[PDB]
Amino acid sequence: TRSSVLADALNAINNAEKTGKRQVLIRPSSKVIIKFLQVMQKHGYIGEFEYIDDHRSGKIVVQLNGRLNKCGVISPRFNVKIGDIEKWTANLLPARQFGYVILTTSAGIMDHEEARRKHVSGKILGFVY
Amino acid sequence: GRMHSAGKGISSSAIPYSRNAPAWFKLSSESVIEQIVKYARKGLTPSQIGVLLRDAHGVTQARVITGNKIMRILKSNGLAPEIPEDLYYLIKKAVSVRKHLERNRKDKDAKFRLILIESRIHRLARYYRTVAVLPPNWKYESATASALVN
Amino acid sequence: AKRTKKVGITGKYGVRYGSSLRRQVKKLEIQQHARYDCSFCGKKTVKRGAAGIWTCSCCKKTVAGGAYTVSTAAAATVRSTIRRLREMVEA
Amino acid sequence: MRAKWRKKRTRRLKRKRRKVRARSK
Amino acid sequence: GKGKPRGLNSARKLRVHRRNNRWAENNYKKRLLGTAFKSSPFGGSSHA
Amino acid sequence: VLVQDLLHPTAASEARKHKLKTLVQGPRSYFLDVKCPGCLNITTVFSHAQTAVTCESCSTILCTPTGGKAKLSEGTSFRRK
Amino acid sequence: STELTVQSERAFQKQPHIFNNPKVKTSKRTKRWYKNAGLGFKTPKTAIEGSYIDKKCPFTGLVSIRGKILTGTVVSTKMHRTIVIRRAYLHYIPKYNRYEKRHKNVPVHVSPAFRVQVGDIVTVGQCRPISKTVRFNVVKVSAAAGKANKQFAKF
Amino acid sequence: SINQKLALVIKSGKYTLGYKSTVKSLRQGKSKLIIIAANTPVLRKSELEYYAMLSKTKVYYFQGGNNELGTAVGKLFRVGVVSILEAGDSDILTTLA
RNA sequence: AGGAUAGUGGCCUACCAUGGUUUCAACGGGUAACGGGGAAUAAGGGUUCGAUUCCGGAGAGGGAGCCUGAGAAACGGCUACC
RNA sequence: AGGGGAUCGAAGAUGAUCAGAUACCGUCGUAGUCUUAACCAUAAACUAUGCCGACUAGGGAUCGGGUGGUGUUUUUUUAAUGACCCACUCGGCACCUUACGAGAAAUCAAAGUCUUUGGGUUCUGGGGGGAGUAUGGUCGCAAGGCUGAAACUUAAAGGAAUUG
């Protein structure tokens, strides 16, 4: 059965990006998903996306700009100490100058650089580069 | 899907986006409620009531026309059943199959289906006992099962 | 508590006569001493008097049956066959 | 030698082993 | 996927599985069985 | 096609596909106003009636349940609403 | 508490060194010692006006509460004035970066000032050794619903 | 289809279970239908039929014994005959069967 | 409830109840097991070792008992047995 | 264990063949094959591909259900209703082409979305033998099933393809 709507969303976005499509449909598109897309859209990896209101948890259409190499979840959402973020970034990102590891902290969903700026930590959601 | 099968059918109702009553609907909510209670007095299950309301009347959705669902209306009017509808029909099916097995002790397909129906009964009863719809230590004992459905 | 693992009613025979003979006897004595449904009054009160005689404790009706069971499979088959022959003869 | 015949001859040997050990016991 | 439990609360299963599967290793089995102490001409020594 | 309007599909494309797989799922059934000659009452019947429906006045059968849409009786008029 | 045959033993039960003088009489006709245990735990009114003695009660007995304050779920109420609680917790295994469910059973003395059922959530306070295994006394029953009041039967 | 009609009578109306109260209601002319189990003894069912003919009462022969007639009336004991004294919103009386 | 103890405590005794642990591994068995600080190796994660320079425990051929003394069930104290 | 027992046919008996030939081939023929009531619980029990979920490619058939056509066809030739045709759709057994992808390859539409390594979960393996053996336990009437070592030995065994 469905166990992670975030994982489904990011796998769908990866498959669309690899096939070269410039749009992708996401269902059921929760609000953790909306926050993750807002982080990707802030850093420019996706374009505009619009939420489609059915009365059954919704859908999202995402415009892709071709800049995405790989977005994915880390399941389970491991707890990360403030000093282990560097271990996660070293394992998951292709370089040190670009790419983000997305955390869920009590201060909100954010990328690892913003987490370092606010000196917060939490659980790991996924990555984008 | 298909908890006890390999089937993968997606057949189901697709209720409309609109949560308001249809513009062509004229009957009052209290008229729909009194029709529901008449059907319940006749011994009709909530699903049968919904079917008759949808077909003979114009009641697209009881929750839409009224503010409440059919079982909620029945429980407010005191017509709640001793056990819930779906568990009732599962127990009745198990009673039918075991009655058949008594006459047909070599129907191993029937024995297999009986095991599946029993396990479905126990799972749904576990849920109902968890949400306190059924009293605690309610049990399907399969020997006085016909007592629970008459 | 469970007093015997497998001998059941044949525990009266101790260790003699052989386990296979005791098992055959166990099957037929369980059948022979069971209580059976009355086809007339509907109660579970039919017991064997002597081989082939089955009497209901209430309604006092006696039926001829099998040596160790109320009805044998042969007798049931014969009852069905006789019913079928009767039906075609009468129709 | 064929595997099922390894199995068969081994089974016969296990019968003989059981027989001699039951004799001892 | 991948045939192993990834749950954050599956540490006991992962640990017990590793413990069970280490017995297929030659050196781990010899060490945990005390093979040199039991059946080795040298009782685990270099010379005799 | 690598580029398409998932947000604004053509009405034909949405009508050609399954009710659960449109952009927003919705029913394809409807309700009918049905009138019988031997009376003047109008009865509302579901398109997929699933039960033989009679009018409130007299016990004349208006529909017969089938596997899909319910067949309407030979001598009856109806108006899609 | 107030009821249930306080003097049902071979020995007379009384709180030590609290004397009721038959020379002068008052309204209550009996002196009962009690106190609040501290740490914000309220002495129950059943303890306040009960008749039990229970020298091991943290509110009317001779024991005091100090050390660790634990919480648990009642899993057995079959001993006399003693229960066992279950404390569930998650133990970290660093190699796998994961957790495993773990539990301990803690035998706890319960005052007759309390009424506890299997499944209730209780908070227990550490005291001096009470028996061979018991080191904790019930000091408050944190069952606002107890996950049983609305789930058990209703006649 | 008689089991649900009978069960709705048991829920909503008034009935008597048993030979003695059935015959009593038959003489008092209160019964409107009697259901007789299949394994009812023939003398008893003939006498119930005579009583019903004198009282102009409907007779229905249950296709089953007293065990499952008792089951059909929501009971844990055997019932040989059921008499309906006044059916509620059931159609068991107006229905021929 | 009492006895004993420096004191709590089935520590022991009398009476009473039938309890307590366990697949979240009890209980039993093995350890070529004293525990730890630590050691070796190691991108990261790990693996193996730790009798042994410090800390804690235990013992003084094997058991048991005890005097003295604040402190010992001591052994470069005593008593008995092997 | 009872019934049945035509056929075929372990064992066995025979005729050939053969150096031998209680093998293949021929003629018979017991158990068995069938059935009722109990056991057994194993197969290359195979798709040698666990189950649930999501997404990713072109195509035409087919089975079951449903929707539409002012389509054909049947007694009367839209006027008492199936079969067929066309276009969709859900579900299924599959198939063809190609692999963008995967793989050691054979190949694969999953065996893809896997060093750009994490959707959930169960079970199994750790060079070849010894060995599914010994022993203990347990189930079975038995045959045997399930669980299951060690000593010792050894440099390959094995997979898929290429040329001969």
Side-chain angles (χ1 to χ4, degrees), chain A residues 1-16 18-21 24-25 27 69-76 78 87 90-94 99 124 126-127 129, chain B residues 1 6-11 106, chain C residues 19-20 23-24 27 73, chain D residues 6-7 10-11 13-15 17, chain E residues 1-7 10 12-13 16 21-26 31-39 43-44, chain F residues 15-21 28 48 66-69 74, chain G residues 9-13 63 76 78-80 82 84 88 91 94-95 97 100-105 107 127-135:
Chain A
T1 45
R2 267 179 213 262
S3 187
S4 185
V5 299
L6 189 62
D8 280 17
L10 299 192
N11 179 260
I13 292 179
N14 290 318
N15 290 26
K18 283 173 290 182
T19 61
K21 295 183 174 67
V24 64
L25 185 53
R27 180 182 73 85
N69 297 263
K70 182 70 178 293
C71 65
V73 297
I74 296 293
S75 185
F78 297 95
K87 302 276 215 163
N91 286 355
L92 300 175
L93 303 176
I124 179 157
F127 54 88
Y129 52 81
Chain B
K8 299 295 203 270
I10 68 165
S11 191
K106 269 172 303 214
Chain C
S19 59
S20 281
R23 275 200 312 287
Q24 295 179 34
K27 181 182 172 66
Chain D
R6 297 293 296 163
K7 192 195 209 183
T10 317
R11 263 165 200 213
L13 184 59
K14 279 162 70 55
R15 303 224 202 176
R17 269 187 201 120
Chain E
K2 272 203 172 177
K4 66 185 103 173
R6 289 175 184 166
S10 64
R12 165 176 297 110
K13 184 97 164 209
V16 168
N21 281 283
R22 284 198 81 179
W23 285 104
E25 307 179 82
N26 290 318
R31 201 172 74 239
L32 268 295
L33 280 193
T35 301
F37 189 87
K38 297 292 183 291
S39 76
Chain F
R16 290 176 64 250
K17 71 200 295 185
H18 192 264
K19 63 179 201 190
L20 261 51
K21 292 180 183 293
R28 260 80 170 277
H48 299 85
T66 62
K69 275 167 177 187
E74 197 47 44
Chain G
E9 294 179 355
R10 279 179 197 286
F12 189 71
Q13 284 70 238
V63 310
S76 172
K78 288 178 99 62
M79 311 202 266
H80 183 51
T82 313
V84 182
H91 176 247
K95 175 184 201 197
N97 316 107
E100 67 189 26
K101 274 183 179 167
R102 281 202 191 177
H103 87 270
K104 297 268 164 61
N105 277 6
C127 62
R128 64 155 213 275
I130 284 305
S131 68
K132 169 181 200 282
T133 72
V134 170
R135 282 95 177 91

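Convention: sequence-line order gives letters A, B, ...; per-chain numbering from 1. Keep in mind that the numbers below use all heavy atoms, side chains included, and drop hydrogens, waters and symmetry copies.
- Syn is the classification of I:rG10, since its glycosidic angle stays within 90° of 0.
- Consecutive residues J:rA155 and J:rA156 do not stack, lacking base ring centres under 5.5 Å apart with planes under 30°.
- Not one N or O on the side chain of A:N11 forms a donor-acceptor pair closer than 3.5 Å with the backbone of A:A7.
- Evaluation of atom-type donor-acceptor distances gives no pair under 3.5 Å for the side chain of A:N14 against the base of J:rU113.
- I:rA26 takes the anti form, because its glycosidic angle lies more than 90° either side of 0.
- Put simply, the side chain of G:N105 and the base of I:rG20 share no donor and acceptor less than 3.5 Å apart.
- In terms of position on RNA chain J, the residue among A:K18 and D:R15 whose nearest nucleotide sits closer to the 5' end is A:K18.
- The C1'-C2'-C3'-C4' torsion of J:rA111 is negative. Its sugar is therefore classed as south.
- Nucleotide J:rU89 carries a north sugar; the sign of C1'-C2'-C3'-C4' is positive.
- For I:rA74, the ring torsion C1'-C2'-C3'-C4' comes out negative, which puts the sugar in the south group.
- Listed candidates were J:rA57, I:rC11, J:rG92. Nearest to the side chain of B:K8 is J:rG92.
- For the adjacent pair J:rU77 and J:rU78, the base rings do not count as stacked by a centre distance under 5.5 Å and plane angle under 30°.
- Note that the NZ atom of A:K70 and the NZ atom of A:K18 stand 7.0 Å from one another [nearest 0.5 Å].
- In this structure, the nucleotide among I:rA1, J:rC123, J:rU117 sitting nearest to the side chain of A:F127 is J:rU117.
- The F:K21 side chain lies nearest to J:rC90 when the options are J:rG119, J:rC90, J:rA54.
- For E:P5, counting side-chain heavy atoms from C-beta on, the closest listed nucleotide (J:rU122, J:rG126, J:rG53) is J:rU122.
- In this structure, J:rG112 shows a glycosidic angle more than 90 degrees from zero, which is the anti conformation.
- Of the P atoms belonging to J:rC28 and J:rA10, the separation is 13 Å, rounded to the nearest Å.
- Closest to the side chain of G:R10, out of I:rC15, J:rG118, I:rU48, is I:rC15.
- Heavy-atom contacts from other residues, nucleotides or ligands closer than 6.0 Å to CZ of A:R27 number 12 or fewer.
- The glycosidic torsion of J:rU36 lies within 90° of 0, placing the base in the syn range.
- With hydrogens and angles ignored, no donor-acceptor pair closer than 3.5 Å exists between the side chain of G:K78 and the base of I:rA17.
- Both conditions hold for I:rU48 and I:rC49, whose six-membered rings have centres under 5.5 angstrom apart and planes under 30 degrees, so their bases stack.
- When the nucleotides J:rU117, J:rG145, J:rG120 are ranked by their closest atom to the side chain of D:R11, J:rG145 comes out on top.
- In this model, the phosphate group of J:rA150 is not approached by any side-chain N or O of E:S39 to a distance below 4.0 Å at OP1 or OP2.
- Along RNA chain J, the nucleotide nearest to E:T35 and the one nearest to D:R6 differ in position, and the one closer to the 5' end is contacted by D:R6.
- Dense packing is recorded around NZ of F:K19, with more than 12 heavy atoms of other residues, nucleotides or ligands lying under 6.0 Å away.
- A donor-acceptor contact under 3.5 Å is not formed by the side chain of F:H18 with the base of J:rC90.
- Using the sign of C1'-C2'-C3'-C4' as the criterion, J:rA48 is classed as south-puckered.
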